[PDB]
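Below is start.cif, holding mmCIF, N, CA and C atoms.
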data_model
loop_
_atom_site.label_atom_id
_atom_site.label_comp_id
_atom_site.auth_asym_id
_atom_site.auth_seq_id
_atom_site.Cartn_x
_atom_site.Cartn_y
_atom_site.Cartn_z
N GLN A 1 82.34 100.74 98.06
CA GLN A 1 83.48 100.84 97.15
C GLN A 1 84.78 100.62 97.91
N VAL A 2 85.82 100.22 97.18
CA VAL A 2 87.13 100.02 97.79
C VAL A 2 87.69 101.36 98.25
N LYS A 3 88.25 101.37 99.46
CA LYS A 3 88.90 102.54 100.03
C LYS A 3 90.40 102.27 100.09
N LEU A 4 91.19 103.24 99.65
CA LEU A 4 92.64 103.12 99.58
C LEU A 4 93.25 104.04 100.62
N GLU A 5 94.06 103.46 101.52
CA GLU A 5 94.67 104.19 102.63
C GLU A 5 96.18 104.24 102.42
N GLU A 6 96.73 105.45 102.46
CA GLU A 6 98.13 105.71 102.18
C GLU A 6 98.90 106.05 103.43
N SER A 7 100.19 105.72 103.43
CA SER A 7 101.09 106.21 104.45
C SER A 7 102.50 106.31 103.88
N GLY A 8 103.37 106.95 104.65
CA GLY A 8 104.71 107.21 104.20
C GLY A 8 104.86 108.57 103.58
N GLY A 9 105.99 108.77 102.93
CA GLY A 9 106.26 110.04 102.29
C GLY A 9 106.78 111.07 103.27
N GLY A 10 106.93 112.27 102.76
CA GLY A 10 107.50 113.34 103.53
C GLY A 10 108.63 114.01 102.78
N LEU A 11 109.50 114.64 103.54
CA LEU A 11 110.61 115.42 103.00
C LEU A 11 111.90 114.64 103.17
N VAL A 12 112.71 114.60 102.12
CA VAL A 12 113.96 113.85 102.15
C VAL A 12 114.99 114.58 101.30
N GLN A 13 116.26 114.43 101.66
CA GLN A 13 117.33 115.00 100.86
C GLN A 13 117.52 114.20 99.58
N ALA A 14 117.96 114.88 98.53
CA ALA A 14 118.32 114.20 97.29
C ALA A 14 119.34 113.10 97.58
N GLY A 15 119.16 111.97 96.89
CA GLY A 15 119.92 110.77 97.15
C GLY A 15 119.32 109.88 98.21
N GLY A 16 118.37 110.39 99.00
CA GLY A 16 117.77 109.65 100.07
C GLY A 16 116.69 108.71 99.56
N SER A 17 116.00 108.08 100.51
CA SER A 17 114.98 107.09 100.20
C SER A 17 113.74 107.32 101.04
N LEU A 18 112.60 106.90 100.49
CA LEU A 18 111.33 106.87 101.19
C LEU A 18 110.62 105.58 100.80
N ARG A 19 109.72 105.12 101.66
CA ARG A 19 108.88 103.96 101.36
C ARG A 19 107.42 104.34 101.55
N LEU A 20 106.64 104.30 100.46
CA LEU A 20 105.21 104.55 100.52
C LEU A 20 104.46 103.24 100.68
N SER A 21 103.30 103.31 101.34
CA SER A 21 102.44 102.14 101.42
C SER A 21 101.01 102.54 101.07
N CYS A 22 100.28 101.57 100.52
CA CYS A 22 98.87 101.75 100.25
C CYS A 22 98.15 100.45 100.53
N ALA A 23 97.05 100.53 101.28
CA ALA A 23 96.29 99.35 101.67
C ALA A 23 94.87 99.49 101.15
N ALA A 24 94.34 98.40 100.61
CA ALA A 24 92.91 98.31 100.30
C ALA A 24 92.22 97.97 101.62
N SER A 25 91.68 99.00 102.28
CA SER A 25 91.38 98.88 103.70
C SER A 25 90.33 97.80 103.94
N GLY A 26 90.56 97.00 104.99
CA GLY A 26 89.65 95.94 105.38
C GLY A 26 89.59 94.75 104.44
N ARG A 27 90.46 94.67 103.45
CA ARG A 27 90.43 93.61 102.44
C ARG A 27 91.54 92.60 102.70
N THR A 28 91.23 91.32 102.53
CA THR A 28 92.21 90.24 102.67
C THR A 28 92.36 89.56 101.31
N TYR A 29 93.59 89.44 100.83
CA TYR A 29 93.86 88.90 99.49
C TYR A 29 93.00 89.62 98.44
N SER A 30 93.01 90.94 98.48
CA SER A 30 92.27 91.71 97.49
C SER A 30 92.71 91.36 96.08
N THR A 31 91.75 91.33 95.16
CA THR A 31 92.02 91.06 93.76
C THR A 31 92.30 92.30 92.93
N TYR A 32 92.33 93.48 93.53
CA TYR A 32 92.63 94.69 92.78
C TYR A 32 94.12 94.82 92.48
N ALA A 33 94.45 95.09 91.23
CA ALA A 33 95.75 95.69 90.94
C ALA A 33 95.86 96.99 91.72
N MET A 34 97.09 97.34 92.11
CA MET A 34 97.34 98.56 92.87
C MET A 34 98.60 99.22 92.35
N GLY A 35 98.65 100.53 92.48
CA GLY A 35 99.84 101.24 92.05
C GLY A 35 99.78 102.69 92.44
N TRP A 36 100.75 103.46 91.92
CA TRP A 36 100.84 104.88 92.22
C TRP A 36 100.96 105.69 90.95
N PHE A 37 100.28 106.82 90.96
CA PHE A 37 100.46 107.91 90.02
C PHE A 37 101.12 109.05 90.77
N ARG A 38 101.76 109.96 90.05
CA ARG A 38 102.22 111.18 90.69
C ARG A 38 101.82 112.39 89.86
N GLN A 39 101.77 113.52 90.54
CA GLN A 39 101.30 114.76 89.94
C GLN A 39 102.10 115.95 90.45
N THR A 40 102.56 116.78 89.52
CA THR A 40 103.14 118.07 89.80
C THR A 40 102.24 119.18 89.25
N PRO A 41 102.44 120.43 89.67
CA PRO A 41 101.48 121.50 89.30
C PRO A 41 101.34 121.67 87.80
N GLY A 42 100.10 121.72 87.35
CA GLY A 42 99.82 122.01 85.96
C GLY A 42 99.89 120.83 85.03
N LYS A 43 100.20 119.64 85.53
CA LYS A 43 100.31 118.44 84.71
C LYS A 43 99.31 117.40 85.17
N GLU A 44 98.94 116.51 84.25
CA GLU A 44 98.08 115.40 84.60
C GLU A 44 98.83 114.37 85.44
N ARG A 45 98.08 113.57 86.18
CA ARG A 45 98.67 112.47 86.92
C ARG A 45 99.30 111.47 85.96
N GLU A 46 100.48 110.95 86.34
CA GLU A 46 101.28 110.06 85.50
C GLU A 46 101.55 108.77 86.26
N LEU A 47 101.34 107.64 85.60
CA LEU A 47 101.57 106.33 86.22
C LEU A 47 103.06 106.12 86.53
N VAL A 48 103.36 105.81 87.79
CA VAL A 48 104.72 105.59 88.28
C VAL A 48 105.06 104.09 88.35
N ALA A 49 104.18 103.31 88.97
CA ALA A 49 104.42 101.89 89.19
C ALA A 49 103.10 101.22 89.48
N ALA A 50 103.00 99.96 89.10
CA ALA A 50 101.80 99.18 89.35
C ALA A 50 102.15 97.71 89.49
N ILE A 51 101.26 96.98 90.15
CA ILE A 51 101.47 95.55 90.40
C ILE A 51 100.11 94.87 90.40
N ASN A 52 100.07 93.68 89.81
CA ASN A 52 98.79 92.98 89.67
C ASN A 52 98.41 92.25 90.96
N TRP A 53 97.27 91.56 90.91
CA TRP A 53 96.69 90.95 92.09
C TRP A 53 97.64 89.95 92.76
N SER A 54 98.43 89.23 91.97
CA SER A 54 99.26 88.15 92.49
C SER A 54 100.65 88.61 92.89
N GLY A 55 101.04 89.81 92.48
CA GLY A 55 102.41 90.25 92.63
C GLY A 55 103.36 89.78 91.56
N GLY A 56 102.87 89.04 90.57
CA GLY A 56 103.73 88.48 89.56
C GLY A 56 104.03 89.37 88.38
N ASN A 57 103.29 90.45 88.19
CA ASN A 57 103.53 91.34 87.07
C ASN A 57 103.57 92.77 87.58
N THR A 58 104.60 93.50 87.16
CA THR A 58 104.79 94.88 87.55
C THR A 58 105.00 95.75 86.32
N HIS A 59 104.82 97.06 86.54
CA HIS A 59 104.99 98.09 85.55
C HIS A 59 105.70 99.26 86.20
N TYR A 60 106.66 99.86 85.49
CA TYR A 60 107.35 101.05 85.94
C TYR A 60 107.45 102.09 84.83
N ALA A 61 107.35 103.35 85.22
CA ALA A 61 107.69 104.44 84.33
C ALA A 61 109.18 104.42 84.05
N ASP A 62 109.56 104.77 82.83
CA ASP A 62 110.97 104.74 82.47
C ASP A 62 111.80 105.58 83.45
N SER A 63 111.25 106.70 83.91
CA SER A 63 111.99 107.66 84.72
C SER A 63 112.34 107.13 86.10
N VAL A 64 111.74 106.04 86.55
CA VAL A 64 111.97 105.52 87.89
C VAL A 64 112.56 104.12 87.86
N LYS A 65 112.76 103.54 86.68
CA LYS A 65 113.34 102.20 86.59
C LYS A 65 114.71 102.15 87.26
N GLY A 66 114.92 101.08 88.03
CA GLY A 66 116.18 100.90 88.71
C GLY A 66 116.32 101.68 90.00
N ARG A 67 115.37 102.55 90.31
CA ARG A 67 115.38 103.31 91.55
C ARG A 67 114.19 102.99 92.44
N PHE A 68 113.02 102.76 91.85
CA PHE A 68 111.80 102.48 92.59
C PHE A 68 111.41 101.02 92.40
N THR A 69 110.90 100.41 93.47
CA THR A 69 110.45 99.03 93.42
C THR A 69 109.09 98.94 94.07
N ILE A 70 108.14 98.31 93.38
CA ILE A 70 106.82 98.08 93.93
C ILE A 70 106.71 96.61 94.32
N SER A 71 106.15 96.36 95.50
CA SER A 71 105.99 95.01 96.02
C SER A 71 104.63 94.93 96.69
N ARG A 72 104.21 93.71 97.01
CA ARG A 72 102.86 93.47 97.51
C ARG A 72 102.86 92.44 98.63
N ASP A 73 102.22 92.80 99.73
CA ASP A 73 101.84 91.86 100.78
C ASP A 73 100.41 91.44 100.45
N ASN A 74 100.26 90.30 99.78
CA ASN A 74 98.97 89.94 99.22
C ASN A 74 97.94 89.71 100.32
N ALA A 75 98.32 89.04 101.40
CA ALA A 75 97.35 88.77 102.45
C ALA A 75 96.79 90.07 103.01
N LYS A 76 97.65 91.07 103.19
CA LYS A 76 97.23 92.32 103.81
C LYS A 76 96.71 93.32 102.80
N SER A 77 96.56 92.92 101.54
CA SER A 77 96.06 93.81 100.48
C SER A 77 96.79 95.15 100.49
N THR A 78 98.11 95.10 100.66
CA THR A 78 98.94 96.29 100.82
C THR A 78 100.09 96.24 99.83
N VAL A 79 100.35 97.39 99.19
CA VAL A 79 101.50 97.50 98.30
C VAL A 79 102.46 98.53 98.86
N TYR A 80 103.74 98.38 98.49
CA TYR A 80 104.82 99.23 98.98
C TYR A 80 105.60 99.76 97.78
N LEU A 81 105.96 101.04 97.83
CA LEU A 81 106.82 101.64 96.82
C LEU A 81 108.10 102.07 97.52
N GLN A 82 109.18 101.33 97.29
CA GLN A 82 110.49 101.67 97.84
C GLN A 82 111.16 102.62 96.86
N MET A 83 111.35 103.86 97.28
CA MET A 83 111.85 104.91 96.41
C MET A 83 113.28 105.21 96.82
N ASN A 84 114.24 104.71 96.05
CA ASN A 84 115.65 104.93 96.34
C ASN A 84 116.21 105.99 95.40
N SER A 85 117.36 106.53 95.78
CA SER A 85 118.10 107.46 94.93
C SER A 85 117.20 108.60 94.45
N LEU A 86 116.47 109.19 95.39
CA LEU A 86 115.49 110.21 95.04
C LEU A 86 116.16 111.45 94.45
N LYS A 87 115.47 112.05 93.47
CA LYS A 87 115.94 113.21 92.74
C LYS A 87 114.97 114.36 92.97
N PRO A 88 115.43 115.61 92.84
CA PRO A 88 114.48 116.73 92.95
C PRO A 88 113.28 116.59 92.04
N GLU A 89 113.46 116.04 90.84
CA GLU A 89 112.37 115.88 89.89
C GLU A 89 111.33 114.85 90.34
N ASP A 90 111.61 114.09 91.41
CA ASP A 90 110.64 113.17 91.96
C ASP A 90 109.66 113.84 92.92
N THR A 91 109.88 115.11 93.25
CA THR A 91 108.95 115.85 94.10
C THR A 91 107.58 115.94 93.43
N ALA A 92 106.55 115.46 94.12
CA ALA A 92 105.22 115.35 93.54
C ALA A 92 104.25 114.90 94.62
N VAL A 93 102.97 114.98 94.31
CA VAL A 93 101.95 114.28 95.09
C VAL A 93 101.77 112.89 94.49
N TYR A 94 101.93 111.87 95.31
CA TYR A 94 101.79 110.50 94.85
C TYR A 94 100.44 109.96 95.30
N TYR A 95 99.66 109.45 94.36
CA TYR A 95 98.33 108.92 94.65
C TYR A 95 98.28 107.43 94.43
N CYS A 96 97.84 106.70 95.44
CA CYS A 96 97.53 105.31 95.24
C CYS A 96 96.28 105.17 94.38
N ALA A 97 96.25 104.10 93.59
CA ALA A 97 95.15 103.87 92.65
C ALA A 97 94.88 102.39 92.48
N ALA A 98 93.63 102.07 92.18
CA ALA A 98 93.19 100.73 91.82
C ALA A 98 92.19 100.88 90.67
N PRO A 99 92.10 99.89 89.78
CA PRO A 99 91.20 100.06 88.63
C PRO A 99 89.73 99.97 89.00
N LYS A 100 88.91 100.81 88.32
CA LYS A 100 87.45 100.68 88.32
C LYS A 100 87.10 99.66 87.26
N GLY A 101 86.99 98.41 87.67
CA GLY A 101 86.75 97.35 86.72
C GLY A 101 87.76 97.35 85.61
N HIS A 102 87.28 97.09 84.40
CA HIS A 102 88.15 97.03 83.22
C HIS A 102 88.11 98.32 82.40
N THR A 103 87.62 99.42 82.98
CA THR A 103 87.29 100.62 82.22
C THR A 103 88.47 101.54 81.95
N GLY A 104 89.58 101.37 82.66
CA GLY A 104 90.68 102.31 82.58
C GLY A 104 90.59 103.48 83.53
N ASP A 105 89.47 103.64 84.23
CA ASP A 105 89.33 104.64 85.27
C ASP A 105 89.79 104.04 86.61
N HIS A 106 89.87 104.89 87.64
CA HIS A 106 90.50 104.48 88.89
C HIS A 106 89.76 104.93 90.13
N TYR A 107 89.87 104.09 91.16
CA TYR A 107 89.72 104.52 92.53
C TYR A 107 91.03 105.15 92.99
N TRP A 108 90.93 106.14 93.86
CA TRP A 108 92.08 106.94 94.28
C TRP A 108 92.19 107.01 95.79
N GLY A 109 93.43 106.88 96.28
CA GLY A 109 93.75 107.29 97.62
C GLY A 109 93.80 108.80 97.73
N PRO A 110 94.05 109.29 98.94
CA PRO A 110 94.01 110.73 99.18
C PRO A 110 95.21 111.49 98.66
N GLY A 111 96.31 110.83 98.32
CA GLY A 111 97.52 111.51 97.91
C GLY A 111 98.48 111.70 99.07
N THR A 112 99.77 111.56 98.76
CA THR A 112 100.86 111.63 99.72
C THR A 112 101.93 112.54 99.13
N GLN A 113 102.35 113.56 99.89
CA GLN A 113 103.40 114.45 99.42
C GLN A 113 104.76 113.78 99.56
N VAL A 114 105.54 113.82 98.49
CA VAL A 114 106.95 113.44 98.49
C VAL A 114 107.72 114.68 98.05
N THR A 115 108.62 115.15 98.90
CA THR A 115 109.36 116.36 98.60
C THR A 115 110.84 116.09 98.78
N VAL A 116 111.60 116.27 97.70
CA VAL A 116 113.03 115.99 97.68
C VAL A 116 113.76 117.32 97.64
N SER A 117 114.54 117.60 98.68
CA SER A 117 115.25 118.87 98.79
C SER A 117 116.63 118.81 98.12
#

Represent the supplied structure as structure tokens.
Amino acid sequence: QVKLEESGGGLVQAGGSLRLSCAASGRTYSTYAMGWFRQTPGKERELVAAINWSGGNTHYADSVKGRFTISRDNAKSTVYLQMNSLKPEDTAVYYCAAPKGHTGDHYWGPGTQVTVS
């Protein structure tokens, strides 16, 4: 099965920026769409941003539009989430995800803490 490897994140002051990365490990020109969900205590995971296999189509949650940008290094099967103008409400665990076929279910990375002070 596809393995998703995450890096980035950490603690940042409000107004600051972080850049998350997720790689479909060992894959070259992977055909998986990739993106991030985030989760806070007591709530379900919520889709933040996603990008298709080619990098030509993206999706953003309304709450992050104009602040977060998802991009893709297609050869390296790696996506990046540039998180600018961070707000306290952005504090969450961010999980990389790829679709399980066409089913609407997902493969998951391990999760990355983003904490905005």

Carefully work through the PyMOL selection byres ((chain A and resi 28-41) around 6) for this structure and note down the residues it includes, as a PyMOL selection string. chain A and resi 26-27+42-53+74-77+92-99

Let me see the file: selected residues, N, CA and C atoms, as an mmCIF file, in the frame of the given file.
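Now in part.cif:
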data_model
loop_
_atom_site.group_PDB
_atom_site.id
_atom_site.type_symbol
_atom_site.label_atom_id
_atom_site.label_comp_id
_atom_site.auth_asym_id
_atom_site.auth_seq_id
_atom_site.Cartn_x
_atom_site.Cartn_y
_atom_site.Cartn_z
ATOM 1 N N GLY A 26 90.560 97.000 104.990
ATOM 2 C CA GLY A 26 89.650 95.940 105.380
ATOM 3 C C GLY A 26 89.590 94.750 104.440
ATOM 4 N N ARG A 27 90.460 94.670 103.450
ATOM 5 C CA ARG A 27 90.430 93.610 102.440
ATOM 6 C C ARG A 27 91.540 92.600 102.700
ATOM 7 N N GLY A 42 100.100 121.720 87.350
ATOM 8 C CA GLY A 42 99.820 122.010 85.960
ATOM 9 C C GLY A 42 99.890 120.830 85.030
ATOM 10 N N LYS A 43 100.200 119.640 85.530
ATOM 11 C CA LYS A 43 100.310 118.440 84.710
ATOM 12 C C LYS A 43 99.310 117.400 85.170
ATOM 13 N N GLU A 44 98.940 116.510 84.250
ATOM 14 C CA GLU A 44 98.080 115.400 84.600
ATOM 15 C C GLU A 44 98.830 114.370 85.440
ATOM 16 N N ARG A 45 98.080 113.570 86.180
ATOM 17 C CA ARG A 45 98.670 112.470 86.920
ATOM 18 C C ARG A 45 99.300 111.470 85.960
ATOM 19 N N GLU A 46 100.480 110.950 86.340
ATOM 20 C CA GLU A 46 101.280 110.060 85.500
ATOM 21 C C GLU A 46 101.550 108.770 86.260
ATOM 22 N N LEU A 47 101.340 107.640 85.600
ATOM 23 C CA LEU A 47 101.570 106.330 86.220
ATOM 24 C C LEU A 47 103.060 106.120 86.530
ATOM 25 N N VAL A 48 103.360 105.810 87.790
ATOM 26 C CA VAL A 48 104.720 105.590 88.280
ATOM 27 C C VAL A 48 105.060 104.090 88.350
ATOM 28 N N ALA A 49 104.180 103.310 88.970
ATOM 29 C CA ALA A 49 104.420 101.890 89.190
ATOM 30 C C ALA A 49 103.100 101.220 89.480
ATOM 31 N N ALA A 50 103.000 99.960 89.100
ATOM 32 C CA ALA A 50 101.800 99.180 89.350
ATOM 33 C C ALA A 50 102.150 97.710 89.490
ATOM 34 N N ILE A 51 101.260 96.980 90.150
ATOM 35 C CA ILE A 51 101.470 95.550 90.400
ATOM 36 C C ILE A 51 100.110 94.870 90.400
ATOM 37 N N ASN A 52 100.070 93.680 89.810
ATOM 38 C CA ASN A 52 98.790 92.980 89.670
ATOM 39 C C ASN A 52 98.410 92.250 90.960
ATOM 40 N N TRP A 53 97.270 91.560 90.910
ATOM 41 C CA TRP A 53 96.690 90.950 92.090
ATOM 42 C C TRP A 53 97.640 89.950 92.760
ATOM 43 N N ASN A 74 100.260 90.300 99.780
ATOM 44 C CA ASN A 74 98.970 89.940 99.220
ATOM 45 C C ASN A 74 97.940 89.710 100.320
ATOM 46 N N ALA A 75 98.320 89.040 101.400
ATOM 47 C CA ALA A 75 97.350 88.770 102.450
ATOM 48 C C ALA A 75 96.790 90.070 103.010
ATOM 49 N N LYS A 76 97.650 91.070 103.190
ATOM 50 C CA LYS A 76 97.230 92.320 103.810
ATOM 51 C C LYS A 76 96.710 93.320 102.800
ATOM 52 N N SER A 77 96.560 92.920 101.540
ATOM 53 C CA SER A 77 96.060 93.810 100.480
ATOM 54 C C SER A 77 96.790 95.150 100.490
ATOM 55 N N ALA A 92 106.550 115.460 94.120
ATOM 56 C CA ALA A 92 105.220 115.350 93.540
ATOM 57 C C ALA A 92 104.250 114.900 94.620
ATOM 58 N N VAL A 93 102.970 114.980 94.310
ATOM 59 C CA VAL A 93 101.950 114.280 95.090
ATOM 60 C C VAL A 93 101.770 112.890 94.490
ATOM 61 N N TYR A 94 101.930 111.870 95.310
ATOM 62 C CA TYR A 94 101.790 110.500 94.850
ATOM 63 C C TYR A 94 100.440 109.960 95.300
ATOM 64 N N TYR A 95 99.660 109.450 94.360
ATOM 65 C CA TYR A 95 98.330 108.920 94.650
ATOM 66 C C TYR A 95 98.280 107.430 94.430
ATOM 67 N N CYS A 96 97.840 106.700 95.440
ATOM 68 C CA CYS A 96 97.530 105.310 95.240
ATOM 69 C C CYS A 96 96.280 105.170 94.380
ATOM 70 N N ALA A 97 96.250 104.100 93.590
ATOM 71 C CA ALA A 97 95.150 103.870 92.650
ATOM 72 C C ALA A 97 94.880 102.390 92.480
ATOM 73 N N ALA A 98 93.630 102.070 92.180
ATOM 74 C CA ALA A 98 93.190 100.730 91.820
ATOM 75 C C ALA A 98 92.190 100.880 90.670
ATOM 76 N N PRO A 99 92.100 99.890 89.780
ATOM 77 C CA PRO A 99 91.200 100.060 88.630
ATOM 78 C C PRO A 99 89.730 99.970 89.000
#

Find the residues around residue A:88 up to 6.5 Å (all atoms listed in the file counted), leave out those fewer than 4 positions away in its own chain, and share them as a list in words. residues 14, 116 and 117 of chain A

Might you pull out every residue within 6 Å of stretch 4-8 of chain A, with only N, CA and C atoms counted and same-chain residues fewer than 5 positions away left off, and present them as a list in words? residues 19, 20, 21, 22, 23, 24, 25, 108, 109 and 110 of chain A

Would you be able to write out as a PyMOL selection string which residues have an atom within 8 Å of (114.9, 106.2, 96.1) in the file's coordinates, counting only C-alpha atoms? chain A and resi 15-18+67-68+82-87

To one decimal in Å, tell me the separation between atom CA of residue A:11 and atom N of residue A:115. 4.6 Å

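For the pair atom CA of residue A:104 and atom CA of residue A:10, the separation is 29.0 Å.
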
Among the residues of stretch 61-107 of chain A, find those DSSP assigns to strand (DSSP E or B) from the backbone and print them as an NGL selection string. :A and (68-73 or 78-83 or 92-99 or 106-107)

Give me the box for stretch 38-47 of chain A as JSON, namely the centre and edge lengths in Å to one decimal of a box along x, y and z that holds every listed atom plus 5 Å on each side.
{"center_x": 100.6, "center_y": 114.1, "center_z": 87.5, "size_x": 15.1, "size_y": 25.9, "size_z": 16.4}

Mind pulling up the distance from atom N of residue A:3 to atom C of residue A:89? 28.2 Å
